[PDB]
Structure formats: structure tokens, C-alpha cells
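**Q** Have a look at this one before I ask anything.
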Amino acid sequence: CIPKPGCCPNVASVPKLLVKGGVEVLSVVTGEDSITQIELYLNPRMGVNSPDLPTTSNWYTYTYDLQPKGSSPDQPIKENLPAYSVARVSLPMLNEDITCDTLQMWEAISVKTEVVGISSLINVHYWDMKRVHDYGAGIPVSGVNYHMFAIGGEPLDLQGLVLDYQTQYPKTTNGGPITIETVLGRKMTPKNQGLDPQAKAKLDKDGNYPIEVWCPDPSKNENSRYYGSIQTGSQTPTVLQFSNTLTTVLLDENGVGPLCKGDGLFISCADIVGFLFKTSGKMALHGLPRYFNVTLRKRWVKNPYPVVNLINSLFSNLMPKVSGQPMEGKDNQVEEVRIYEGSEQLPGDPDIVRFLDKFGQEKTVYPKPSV
Amino acid sequence: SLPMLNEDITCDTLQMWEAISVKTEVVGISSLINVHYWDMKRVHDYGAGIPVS
Ligand SMILES: [Ca+2]
């Protein structure tokens, strides 16, 4: 049975849609040629990081009043330290063909993102906004801007750089920001005003890595694609555009995107929109969330680490350790180690010494007077 | 704890222990006819105790 091709009109071939729903849907088993899109969002984290707090949630997506202290040193509080936002999406397991030593992982192709809530900035009538002049309207949200987002299969690799090492950031006490002092274990040295390779940290928590001190390390982030922007000014205007047609491609120069290690999609973003000028003259930053529509596909890969080496490397650590006399390292208790293979004609010197050159070829040592 | 079993990685299969049938019984049921325990409440005067119920 089949319909008449002439009697029946033809239509286009759009990609077939299997399912549309929430997070509980990713569990669906899909073929090797399937494609996944995830629409999600991240609220900003700028010191006031929770609306559930009964006392101080009036300033969610805001900071407390920013002021220079006036006397060294500086002691800023967490509520004045806006930090990056981050989240992880757990992806389902996939097949593997151990016979060919190849498995398959998720990769990201494209992300469709846009800053949400831009329309809310035209509110020039917040009851405490500083009038630009007498009998006038409010000073629109403007000034400093910082925008970045990062997509990768690993947590984003960061770099530490602070405008002044004299500042003393709050200590990490089971909560609170994490600063270079927390990573190194020492007070910040004036090297940190420049680039210090010692000051590096993976982005592991939300709202705990302030933007003032951390910046994306360009060296290590090879498995992540991050984009940035900034403008600094007293009351310079903020400009933003938005649409749902602009998409961004994440493939590299070699044709691969970020590979989700641990079947986890790592996302990080941060968007400052400007100041909130108050009648008191006091000032405070502000932010607003970000929209993400990451597209994912299935890519086959070859296991780089052969399983056998992992097995022994695993149980050895699990097996009870053995604290014997040192047999490796600086104080090894080993004197000679010889290695034989095959038969050769008898050489003259029985005290001969041979080794392998830096190029892997066989070499015979010519004896020399040891000083 | 049951012992380990064989496996076949090439065919991606292995062995697992399957419980197919179980025979059960309650032990000590006969012990319930003891109506003579030195502190059992008599069912009536000059009578016997109240069986476990
Ligand atoms: Ca590198």
C-alpha cells in the first residue's frame, strides 16, 4: 500500500522531532545520529546570591553600596564582590565498542545565547534613583559593564589578577569568596598585580570566585570556548542587542567542539549592566540572567588511556601501601640494573656499559677518565 | 556473599546469580502451645494461661 505520488503533494524534509520536555527527558535512549538541544538559564550572582533569605533579599541581582574606604587597607565584604555564575548539566551515558577501543562522547556544536531582561533597564522611576537634575527623571542604569560566557566539557580554568594586593579579602570560612590567598596559602605578593602562574584555580563553585580578582586563563582553557566584553566608565551608556536568529558555532579549527568529560556540560556566565544611582549619591552594581540553547551531538572517540593501565594504577592506590626502604628517587638503594636481549659475539671489555641515546638508538659507551 | 563468575568482554556479556525459587517455613511454631508459663495471665480462675495470640 502506498499513496498516489501524483495525486498527493510533496512537502519539505525537516529534522524529525522525537520528544520535547524537561530535564527528565534526557534519559531517552537515542541513536548514534541523534542531536540534543538544551534550553536553560543562569541567574546572576553579585554578592546577594539568594532571594530565599528573609532579611537581605531585597537586593537580589545587586550589590551593597560601593565606596572607597579612605584609609589603607581595603576590607571589602562578600556583598560587594560580584562573582561568576556556573552550573553543570549531567548528560546520560552512551555506548562503547571496546573491541575497537572506541567510545562515544557528547560534544557541543552551537550555542544560541542572549541576555534576558534587557527591557527592564528603561525603568528610570525607581523611587530612590538620583535625579540627573532638579525636577528631572532618574539616571538610567549605566556605567561599568562586564559580559562573558563560557561553554566547555571541563570547569573553566581561571587566572588570578587583582588591582591591588594591599586589599584584604574576607577569609574562606565554610562559605564566602575564594581569593588568591585561599589558593596559594600566603598573603598576596605584589607579583599578583601582574601575571602570576602560581595564582590559578578551576571554577568549582558558584558566587564564590569574584570577578575583580579572577580572569579566564587563556593557556589552559583549550577544552572550552569563552567570549568576553567590557566597558568602564562613570555613567557611560550601556548598549545591548538581542535576537533569536544569531547563533554561535563552537567547532574548532580542527572540526571538533568541546567534549563533555564525565558526561557533564559545564557553563559559566557573568553580565554586569551598570550602576544604580541612588539619591544618597551611593552606587551599586547590577546584573541580570543569561539564556543558553546549547546544541549537542554524539561523537565517537578513541580511548586515549588504555584500560589496563588504569586498572593497575587504581587498585595499587586502593591496595594497602608498602612503606619499605627507599628503592626509588634521590636515595634509591639500587646500584646497577642490567638488561639483556638476544645473543651477540663476545665483546672484549666485560665491564662494558651501554645505554639508549636521546633518539632511542642503541649506543655503546666509550670509557673516559672519571676526573 | 556469592562467589565471582565468568565474563565475556568481547561479546559484552557476563554471568549473574539468579534466584529462581525459595522454600520457607517458620521455625518454632510448636513452641506456642506452652500454656504453662509462671507469669501467664489465667484465662479464668483455677484455669490455664492465655495462649500466645
Ligand atoms: Ca594550553
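To be explicit about the labels: the chains of the C-alpha cells are called A, B, and onward in the order shown, and within each one the residues are counted from 1, while ligands get numbers from 1 in the order they are shown.
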Using only C-alpha atoms, which residues sit within 8 Å of residue 157 of chain A once same-chain residues fewer than 5 positions away are excluded, as a PDB file with N, CA and C atoms, in the first residue's frame?

**A**
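part-v3.pdb was written with the following content:
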```pdb
ATOM      1  N   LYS A 200      46.326  30.230  40.034  1.00  0.00           N
ATOM      2  CA  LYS A 200      45.411  29.614  39.088  1.00  0.00           C
ATOM      3  C   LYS A 200      44.432  28.751  39.866  1.00  0.00           C
ATOM      4  N   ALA A 201      43.215  28.653  39.352  1.00  0.00           N
ATOM      5  CA  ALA A 201      42.186  27.875  40.027  1.00  0.00           C
ATOM      6  C   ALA A 201      41.072  27.552  39.046  1.00  0.00           C
ATOM      7  N   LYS A 202      40.620  26.299  39.062  1.00  0.00           N
ATOM      8  CA  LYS A 202      39.457  25.916  38.283  1.00  0.00           C
ATOM      9  C   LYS A 202      38.193  26.462  38.934  1.00  0.00           C
ATOM     10  N   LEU A 203      37.239  26.858  38.091  1.00  0.00           N
ATOM     11  CA  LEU A 203      35.983  27.440  38.560  1.00  0.00           C
ATOM     12  C   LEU A 203      35.109  26.327  39.102  1.00  0.00           C
ATOM     13  N   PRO A 216      39.672  34.524  33.046  1.00  0.00           N
ATOM     14  CA  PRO A 216      39.883  33.238  32.365  1.00  0.00           C
ATOM     15  C   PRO A 216      41.315  33.063  31.892  1.00  0.00           C
ATOM     16  N   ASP A 217      41.936  31.975  32.315  1.00  0.00           N
ATOM     17  CA  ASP A 217      43.288  31.652  31.879  1.00  0.00           C
ATOM     18  C   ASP A 217      43.264  31.209  30.434  1.00  0.00           C
ATOM     19  N   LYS A 220      45.254  27.413  29.637  1.00  0.00           N
ATOM     20  CA  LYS A 220      44.754  26.081  29.957  1.00  0.00           C
ATOM     21  C   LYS A 220      43.395  25.787  29.298  1.00  0.00           C
ATOM     22  N   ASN A 221      42.573  26.816  29.054  1.00  0.00           N
ATOM     23  CA  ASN A 221      41.234  26.569  28.532  1.00  0.00           C
ATOM     24  C   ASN A 221      41.274  26.175  27.079  1.00  0.00           C
TER      25      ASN A 221
END
```

**Q** Can you check which parts of segment 29-129 of chain A lie within 8 Å of segment 235-243 of chain A? Per residue, the shortest pair of atoms and distance in Å to one decimal, counting only C-alpha atoms, sorted by chain and number, as CSV.

**A**
```
residue,atom,partner,partner_atom,distance
A:114,CA,A:242,CA,6.1
A:115,CA,A:242,CA,7.1
A:118,CA,A:240,CA,7.6
```

**Q** Please write the residues from the selection above to a file, keeping N, CA and C atoms, as a PDB file, in the first residue's frame.

**A**
```pdb
ATOM      1  N   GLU A 114      21.553  34.648  24.728  1.00  0.00           N
ATOM      2  CA  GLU A 114      21.180  36.075  24.687  1.00  0.00           C
ATOM      3  C   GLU A 114      20.956  36.565  26.105  1.00  0.00           C
ATOM      4  N   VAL A 115      21.229  37.822  26.381  1.00  0.00           N
ATOM      5  CA  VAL A 115      20.988  38.349  27.739  1.00  0.00           C
ATOM      6  C   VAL A 115      19.513  38.652  27.836  1.00  0.00           C
ATOM      7  N   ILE A 118      16.655  42.651  29.275  1.00  0.00           N
ATOM      8  CA  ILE A 118      17.194  43.946  28.883  1.00  0.00           C
ATOM      9  C   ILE A 118      16.130  45.023  28.972  1.00  0.00           C
TER      10      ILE A 118
END
```

**Q** Give me, as a tab-separated table, each residue of chain A that comes within 10 Å of chain B, together with its shortest interatomic pair and the distance in Å at one decimal, counting only C-alpha atoms, with rows ordered by chain and rising residue number.

**A**
```
residue	atom	partner	partner_atom	distance
A:97	CA	B:12	CA	9.1
A:98	CA	B:10	CA	7.7
A:99	CA	B:10	CA	6.3
```

**Q** Which polymer residues have any atom within 12 Å of an atom of residue 196 of chain A, counting only C-alpha atoms, with same-chain residues fewer than 6 positions away left out, as an MDAnalysis selection string?

**A** chainID A and resid 158:162 180 184 188:190 214 217

**Q** Keeping only C-alpha atoms, write the selected residues to a file as a PDB file, in the first residue's frame.

**A**
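New file out-v4.pdb:
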```
ATOM      1  CA  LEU A 158      40.828  30.819  35.657  1.00  0.00           C
ATOM      2  CA  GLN A 159      43.742  33.141  36.407  1.00  0.00           C
ATOM      3  CA  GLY A 160      44.266  35.426  39.389  1.00  0.00           C
ATOM      4  CA  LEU A 161      44.919  39.136  38.959  1.00  0.00           C
ATOM      5  CA  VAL A 162      43.951  41.836  41.439  1.00  0.00           C
ATOM      6  CA  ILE A 180      44.293  34.161  45.680  1.00  0.00           C
ATOM      7  CA  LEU A 184      48.206  29.867  47.499  1.00  0.00           C
ATOM      8  CA  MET A 188      49.277  38.188  48.052  1.00  0.00           C
ATOM      9  CA  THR A 189      52.655  39.406  46.869  1.00  0.00           C
ATOM     10  CA  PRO A 190      52.879  42.437  44.519  1.00  0.00           C
ATOM     11  CA  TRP A 214      39.816  36.135  38.643  1.00  0.00           C
ATOM     12  CA  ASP A 217      43.288  31.652  31.879  1.00  0.00           C
TER      13      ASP A 217
END
```

**Q** Enumerate as a PyMOL selection string all residues of chain B assigned to strand (DSSP E) by DSSP on the backbone, naming them with the chain letters and numbers the document uses.

**A** chain B and resi 7-8+13-14

**Q** Pick from A:170, A:152, A:21, A:218: nearest to ligand 1, with only C-alpha atoms and all ligand atoms counted?

**A**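 Answer, going by the shortest atom-to-atom distance: A:218.
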
**Q** Env of residue 224 of chain A: 9 Å cut, atoms = only C-alpha atoms, seq-sep filter 5 positions within chain, self excluded. Answer as a PyMOL selection string.

**A** chain A and resi 150-157+250+257-259+266

**Q** Using only C-alpha atoms and all ligand atoms, find the one residue out of A:222, A:46, A:248, A:64 that sits nearest to ligand 1.

**A** A:222

**Q** Run DSSP on the backbone and tell me which residues of chain B come out as helix (DSSP H, G or I); list them as number ranges by chain.

**A** B: 29-33

**Q** Env of residue 6 of chain B: 9 Å cut, atoms = only C-alpha atoms, seq-sep filter 2 positions within chain, self excluded. Answer as a PyMOL selection string.

**A** chain B and resi 4+8+14-16

**Q** Generate a file of the selected residues that holds N, CA, C and O atoms, formatted as a JSON list (two decimals), in the first residue's frame.

**A**
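To be explicit, this is the file written out as again_2.json:
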```
[["chain", "number", "residue", "atom", "x", "y", "z"],
["B", 4, "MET", "N", 32.48, -14.92, 42.63],
["B", 4, "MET", "CA", 32.50, -14.29, 41.32],
["B", 4, "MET", "C", 32.19, -15.27, 40.21],
["B", 4, "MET", "O", 32.23, -16.52, 40.45],
["B", 8, "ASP", "N", 32.55, -12.30, 29.53],
["B", 8, "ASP", "CA", 32.99, -12.31, 28.14],
["B", 8, "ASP", "C", 32.93, -10.87, 27.64],
["B", 8, "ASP", "O", 31.86, -10.37, 27.27],
["B", 14, "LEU", "N", 28.12, -11.26, 30.59],
["B", 14, "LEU", "CA", 28.71, -11.82, 31.81],
["B", 14, "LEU", "C", 27.65, -12.65, 32.52],
["B", 14, "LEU", "O", 26.51, -12.74, 32.07],
["B", 15, "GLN", "N", 28.03, -13.27, 33.64],
["B", 15, "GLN", "CA", 27.15, -14.11, 34.43],
["B", 15, "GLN", "C", 26.73, -13.40, 35.70],
["B", 15, "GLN", "O", 27.53, -12.71, 36.32],
["B", 16, "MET", "N", 25.47, -13.60, 36.09],
["B", 16, "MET", "CA", 24.97, -13.10, 37.36],
["B", 16, "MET", "C", 24.12, -14.18, 38.01],
["B", 16, "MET", "O", 23.50, -15.00, 37.32]]
```
